[PDB]
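Novice: Submitted below is the structure of interest, expressed as structure tokens.
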Amino acid sequence: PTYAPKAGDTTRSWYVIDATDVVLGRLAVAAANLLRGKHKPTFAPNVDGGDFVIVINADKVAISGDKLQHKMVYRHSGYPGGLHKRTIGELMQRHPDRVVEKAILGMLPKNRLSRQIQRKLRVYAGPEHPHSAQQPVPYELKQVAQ
Amino acid sequence: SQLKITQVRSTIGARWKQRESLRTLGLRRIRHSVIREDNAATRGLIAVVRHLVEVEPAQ
Amino acid sequence: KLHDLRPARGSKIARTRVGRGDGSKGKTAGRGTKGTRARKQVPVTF
Amino acid sequence: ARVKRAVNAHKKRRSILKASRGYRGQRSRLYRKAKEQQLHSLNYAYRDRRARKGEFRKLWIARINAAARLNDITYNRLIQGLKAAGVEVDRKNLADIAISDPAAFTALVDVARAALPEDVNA
Amino acid sequence: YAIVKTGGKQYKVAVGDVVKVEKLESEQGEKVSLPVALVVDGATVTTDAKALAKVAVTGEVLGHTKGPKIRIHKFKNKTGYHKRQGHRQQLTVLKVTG
Amino acid sequence: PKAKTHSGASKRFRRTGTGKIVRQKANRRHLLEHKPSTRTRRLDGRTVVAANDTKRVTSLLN
Amino acid sequence: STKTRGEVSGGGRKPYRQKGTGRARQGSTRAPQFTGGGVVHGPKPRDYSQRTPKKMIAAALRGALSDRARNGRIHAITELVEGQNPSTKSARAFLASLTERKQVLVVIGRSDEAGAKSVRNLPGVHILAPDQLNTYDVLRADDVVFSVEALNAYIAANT
RNA sequence: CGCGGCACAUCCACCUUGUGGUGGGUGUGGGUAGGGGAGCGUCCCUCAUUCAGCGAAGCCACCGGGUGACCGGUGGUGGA
RNA sequence: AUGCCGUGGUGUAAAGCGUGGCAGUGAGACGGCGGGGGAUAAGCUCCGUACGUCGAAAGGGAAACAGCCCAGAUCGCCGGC
RNA sequence: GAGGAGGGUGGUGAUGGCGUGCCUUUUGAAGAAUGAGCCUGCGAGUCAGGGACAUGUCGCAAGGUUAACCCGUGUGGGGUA
């Protein structure tokens, strides 16, 4: 049977991704699996496992103008109308961290652990990150084989 | 010489004639390899039943 | 004696009690319908 | 011959309720409501043990994939290689090895890599 | 340690490892050899018939403890169908010594 | 308290010396100008009960 | 016995009309499902007796007695009296000194001087006349006791 | 497919070789209406036998057993 | 073309026939294929198929899904293809 | 044996997976089709008849069988219409 599940038997490391030229989707996927812990053999979907993920320089994520001017974002309030339609381009010019956050959350499962995982996410639009007291580990994207 | 007839697909949508053909080939379950003699009358049964069985020449 | 006295094997068929659950015989029990037969017996003549 | 049909029924009532203990509200108190739940619960156990077996395969596969990626190899080619080597080792104990002795997993990876032919053509 | 193949299943066992197995022809105090799937002493990793047909796992059978009693009955729907039954798998206990 | 025999059945069916019942055919009591002797010979005589209602008829007589 | 609908007093009224009451379609106040209602399919006072072939009765009886003869359980005694008056004490000594068993069937005949008076008050001892020799008593009792007249009468009636 | 445990037909060799059963093989076993087969359990009469105010029935809790309906033991209450 | 009747072999476990006992059904739906009724219509209705499924079949897939695709659950297994 | 590592019962259960109450009637239901507030108790395919049909076993054996009725003490012996 399983050996990984156990209180305290988790290595909470920190990862840093320089999200400059990377595309939003591939970044979000790697962040999702890396965040949940599927890159580790001690996977245990029943618990909040995984490592901490830091997104650096989210402002520079390459997205075509064909989506900046067409991929609309919808936040309905609850009131009549109230469909807060706002372009992803404007969101990139205001709160790109919320755009990236949304993309990741859409790739994470929709359950209680998802929220416990969300609170393990730290996204900053700029490149200068004050969080240097911990042990950041620069992590880059790759294919494996095949 | 001899053929190995191995059923691959089931007999659910297969009509009466096909099901009885498989009964006469002695097939009862999916992976049920049956050794048949020379092609005296098997050619018709196979041609009727091609999409459900595998024809594999064997000793 | 009486304590060794036995019925013949094959005789003494148990009475099939009818309206005693689904495992015994059934809820409708023979009369598995809603027409006349369910409620009363039609004369054999008709 | 009046028989007073209480006792025989009580055997069922106390059995079903003592098995049904732990259910919330009108589930562990009411015979006729508990009875419903035992039917649903046991049908669920019936299919869930089988689904459990499949589930455990899914978990084992995920872990093997994780360790394999740590050794820069995919699950696909890992299993293909082990089959070519004749290493009829189940996914349960292979996933165990991934934790108990990662080095042994690495060794099995090298064996699979060597056993794999050359490319994706045939 | 070594992985033993038996009962259609595979089990990771070491020396002195008590493990439940399926029912087989044995008694109380007989050492019945069982095939291997993989032997790992920490560095040596075996794979092929040169090891598989070479070594075995000798252990004693002492226990004969029945498995958990499974009560089960099927129920469909408004059809009015129940199927009362149960099953208690008969197992044995293997004390792995090799 | 005691079984009754259907009087019409006792007046229409005739049991033989074994397990057989016969039916008189007589579709020949109204008009007999257009019917040929072939047809009246088909009706003449006595015909065994077809096996499709004997399980009913035997209970009607008994 | 029991009591079915029609013997139950009253019940002809049909209260709780079928509109605006919210109650079930009662239809009578003494229907089975009501407290104090009638009994449906009740034990009607049957009067019956499983008439059997006389050949079956006789064959069974002579079969049971013949088995008693095979096991030596027939004690065809001669009489049981101190001359004319009964003596249950002496009956106890006789029967419990020759038979030594609990359940005993005694066949005397129509002699009430010391017949069904000396053997009475003996738990397990039953008595009857040859003409009424049934089988239940024979299978219940072990050491079947007969008088000489019991044998002569039984044999004579039964050829 | 594999590995073990129940069952139904047919077959092989046997014991009372179509009454009834033993070892083994093959195939079969989703199922309402409906047919058939084989059973559990409360009460009651009888027969054999028997625990039983040194504590039964009924009830409660626990631990166990049977493929199932269900059963047993322990302890407590109670007192025929 | 298929299909139907009959005939000579091969193959098959029970499938068939006859005579008896005891019932159910006697409101069908959908899809595919041929039609007709309709508007070149309908999740419409009426016909045929030894065409199937559901009805009376759980499971996997079609996001969700009685009727579509695969496949017919004796029970267990932290084993595979 | 305190406290504890490890192992195993009886509770609780974080968190993940899966999963559309029961009965009836319906071509067809989780129901927004109906019915039930809960618990205990009561309650629905049974009987007479020398009935009928069929079947299994048990008596007899070209025969079988007695009804009413008589005697007697239990329900046995007689009774040939």
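Just so we're on the same page: first chain in the structure tokens is A, next is B, and so on; residues restart at 1 for each chain, and ligands are numbered from 1 in the order they show up.
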Using only C-alpha atoms (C1' of nucleotides), which residues sit within 12 Å of residue 21 of chain D once same-chain residues fewer than 2 positions away are excluded, as a PDB file with N, CA and C atoms (P, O5', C5', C4', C3', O3' and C1' of nucleotides), in the first residue's frame?

Specialist:
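This went into part.pdb:
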```pdb
ATOM      1  N   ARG D  14     -33.851  -5.307  14.857  1.00  0.00           N
ATOM      2  CA  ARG D  14     -32.630  -5.088  15.614  1.00  0.00           C
ATOM      3  C   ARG D  14     -31.387  -5.410  14.799  1.00  0.00           C
ATOM      4  N   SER D  15     -31.475  -6.369  13.875  1.00  0.00           N
ATOM      5  CA  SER D  15     -30.310  -6.668  13.047  1.00  0.00           C
ATOM      6  C   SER D  15     -29.991  -5.511  12.116  1.00  0.00           C
ATOM      7  N   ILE D  16     -30.997  -5.051  11.383  1.00  0.00           N
ATOM      8  CA  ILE D  16     -30.771  -4.018  10.391  1.00  0.00           C
ATOM      9  C   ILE D  16     -30.348  -2.730  11.074  1.00  0.00           C
ATOM     10  N   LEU D  17     -30.940  -2.415  12.227  1.00  0.00           N
ATOM     11  CA  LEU D  17     -30.561  -1.176  12.894  1.00  0.00           C
ATOM     12  C   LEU D  17     -29.144  -1.243  13.447  1.00  0.00           C
ATOM     13  N   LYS D  18     -28.758  -2.383  14.034  1.00  0.00           N
ATOM     14  CA  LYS D  18     -27.415  -2.452  14.592  1.00  0.00           C
ATOM     15  C   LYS D  18     -26.367  -2.442  13.494  1.00  0.00           C
ATOM     16  N   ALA D  19     -26.719  -2.886  12.289  1.00  0.00           N
ATOM     17  CA  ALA D  19     -25.790  -2.734  11.178  1.00  0.00           C
ATOM     18  C   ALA D  19     -25.794  -1.311  10.638  1.00  0.00           C
ATOM     19  N   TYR D  23     -25.398   6.180  10.712  1.00  0.00           N
ATOM     20  CA  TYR D  23     -26.018   6.993   9.683  1.00  0.00           C
ATOM     21  C   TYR D  23     -26.747   8.173  10.310  1.00  0.00           C
ATOM     22  N   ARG D  24     -26.739   9.289   9.594  1.00  0.00           N
ATOM     23  CA  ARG D  24     -27.239  10.555  10.104  1.00  0.00           C
ATOM     24  C   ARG D  24     -28.759  10.661  10.061  1.00  0.00           C
ATOM     25  N   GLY D  25     -29.317  11.213  11.132  1.00  0.00           N
ATOM     26  CA  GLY D  25     -30.734  11.532  11.200  1.00  0.00           C
ATOM     27  C   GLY D  25     -31.635  10.322  11.122  1.00  0.00           C
ATOM     28  N   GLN D  26     -32.664  10.403  10.274  1.00  0.00           N
ATOM     29  CA  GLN D  26     -33.642   9.324  10.147  1.00  0.00           C
ATOM     30  C   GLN D  26     -33.106   8.250   9.208  1.00  0.00           C
ATOM     31  N   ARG D  27     -32.006   7.673   9.652  1.00  0.00           N
ATOM     32  CA  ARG D  27     -31.293   6.636   8.940  1.00  0.00           C
ATOM     33  C   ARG D  27     -30.837   5.579   9.936  1.00  0.00           C
ATOM     34  N   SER D  28     -30.369   6.026  11.104  1.00  0.00           N
ATOM     35  CA  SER D  28     -29.950   5.170  12.203  1.00  0.00           C
ATOM     36  C   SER D  28     -30.972   5.099  13.324  1.00  0.00           C
ATOM     37  N   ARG D  29     -32.209   5.498  13.062  1.00  0.00           N
ATOM     38  CA  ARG D  29     -33.254   5.495  14.076  1.00  0.00           C
ATOM     39  C   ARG D  29     -34.495   4.765  13.589  1.00  0.00           C
ATOM     40  N   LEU D  30     -34.767   4.881  12.300  1.00  0.00           N
ATOM     41  CA  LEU D  30     -35.966   4.344  11.684  1.00  0.00           C
ATOM     42  C   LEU D  30     -35.656   3.089  10.890  1.00  0.00           C
ATOM     43  N   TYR D  31     -36.395   2.022  11.167  1.00  0.00           N
ATOM     44  CA  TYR D  31     -36.175   0.774  10.457  1.00  0.00           C
ATOM     45  C   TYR D  31     -36.413   0.937   8.965  1.00  0.00           C
ATOM     46  N   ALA D  34     -33.753   3.162   7.367  1.00  0.00           N
ATOM     47  CA  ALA D  34     -32.457   2.501   7.363  1.00  0.00           C
ATOM     48  C   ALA D  34     -32.389   1.442   6.286  1.00  0.00           C
ATOM     49  N   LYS D  35     -33.467   0.676   6.152  1.00  0.00           N
ATOM     50  CA  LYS D  35     -33.535  -0.408   5.189  1.00  0.00           C
ATOM     51  C   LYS D  35     -33.223   0.091   3.791  1.00  0.00           C
ATOM     52  N   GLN D  37     -31.293   2.575   3.040  1.00  0.00           N
ATOM     53  CA  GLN D  37     -29.885   2.940   2.958  1.00  0.00           C
ATOM     54  C   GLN D  37     -28.992   1.715   2.836  1.00  0.00           C
ATOM     55  N   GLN D  38     -29.342   0.624   3.519  1.00  0.00           N
ATOM     56  CA  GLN D  38     -28.560  -0.598   3.389  1.00  0.00           C
ATOM     57  C   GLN D  38     -28.586  -1.113   1.962  1.00  0.00           C
TER      58      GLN D  38
ATOM     59  P     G J  11     -17.560  -0.332  15.661  1.00  0.00           P
ATOM     60  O5'   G J  11     -17.386   1.025  16.446  1.00  0.00           O
ATOM     61  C5'   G J  11     -17.257   2.236  15.752  1.00  0.00           C
ATOM     62  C4'   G J  11     -17.162   3.378  16.717  1.00  0.00           C
ATOM     63  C3'   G J  11     -17.208   4.754  16.112  1.00  0.00           C
ATOM     64  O3'   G J  11     -18.517   5.092  15.711  1.00  0.00           O
ATOM     65  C1'   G J  11     -15.629   4.676  17.873  1.00  0.00           C
TER      66        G J  11
END
```

Novice: Which residues, written as JSON, numbers by chain, have at least one atom at most 12 Å from segment 50-57 of chain J, with only C-alpha atoms (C1' of nucleotides) counted and residues fewer than 2 positions away on the same chain left out?

Specialist: {"C": [7, 8, 9, 10, 11, 12, 13], "F": [1, 2, 3, 4, 5, 54, 55, 56, 57, 58, 59, 60, 61, 62], "G": [50, 51, 52], "I": [20, 21, 22], "J": [48, 59, 65, 66, 67, 68]}

Novice: Identify, with DSSP run on backbone atoms, the residues in chain F assigned to strand (DSSP E), and express the list as a list in words.

Specialist: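 Result set for chain F (strand (DSSP E)): residues 13, 14, 15, 21, 22, 23, 24, 46, 47 and 48 of chain F.
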
Novice: Among chain F, which residues does DSSP mark as alpha helix (DSSP H) when it is run on the backbone? Keep the chain and numbering as in the structure and answer as a ChimeraX atom specification.

Specialist: /F:7-10,37-43,54-61

Novice: Give me the residues near residue 34 of chain J as a PDB file with N, CA, C and O atoms (P, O5', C5', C4', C3', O3' and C1' of nucleotides), in the first residue's frame, where near means some atom within 12 Å (using only C-alpha atoms (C1' of nucleotides)) and where sequence neighbours in that chain fewer than 6 positions away do not count.

Specialist:
```pdb
ATOM      1  P     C J  23     -38.429  -0.108  -4.916  1.00  0.00           P
ATOM      2  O5'   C J  23     -39.970  -0.055  -4.554  1.00  0.00           O
ATOM      3  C5'   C J  23     -40.514  -1.001  -3.655  1.00  0.00           C
ATOM      4  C4'   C J  23     -41.983  -0.764  -3.432  1.00  0.00           C
ATOM      5  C3'   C J  23     -42.845  -0.814  -4.674  1.00  0.00           C
ATOM      6  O3'   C J  23     -43.186  -2.118  -5.082  1.00  0.00           O
ATOM      7  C1'   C J  23     -43.414   1.083  -3.420  1.00  0.00           C
ATOM      8  P     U J  24     -43.296  -2.448  -6.643  1.00  0.00           P
ATOM      9  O5'   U J  24     -44.698  -1.827  -7.037  1.00  0.00           O
ATOM     10  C5'   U J  24     -45.870  -2.194  -6.342  1.00  0.00           C
ATOM     11  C4'   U J  24     -47.004  -1.248  -6.647  1.00  0.00           C
ATOM     12  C3'   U J  24     -47.328  -1.112  -8.118  1.00  0.00           C
ATOM     13  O3'   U J  24     -48.144  -2.170  -8.572  1.00  0.00           O
ATOM     14  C1'   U J  24     -47.235   1.030  -7.135  1.00  0.00           C
ATOM     15  P     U J  25     -47.861  -2.856  -9.990  1.00  0.00           P
ATOM     16  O5'   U J  25     -48.386  -1.772 -11.017  1.00  0.00           O
ATOM     17  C5'   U J  25     -49.712  -1.303 -10.910  1.00  0.00           C
ATOM     18  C4'   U J  25     -49.910  -0.001 -11.640  1.00  0.00           C
ATOM     19  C3'   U J  25     -49.528   0.018 -13.102  1.00  0.00           C
ATOM     20  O3'   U J  25     -50.499  -0.610 -13.917  1.00  0.00           O
ATOM     21  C1'   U J  25     -48.707   1.955 -12.056  1.00  0.00           C
TER      22        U J  25
END
```
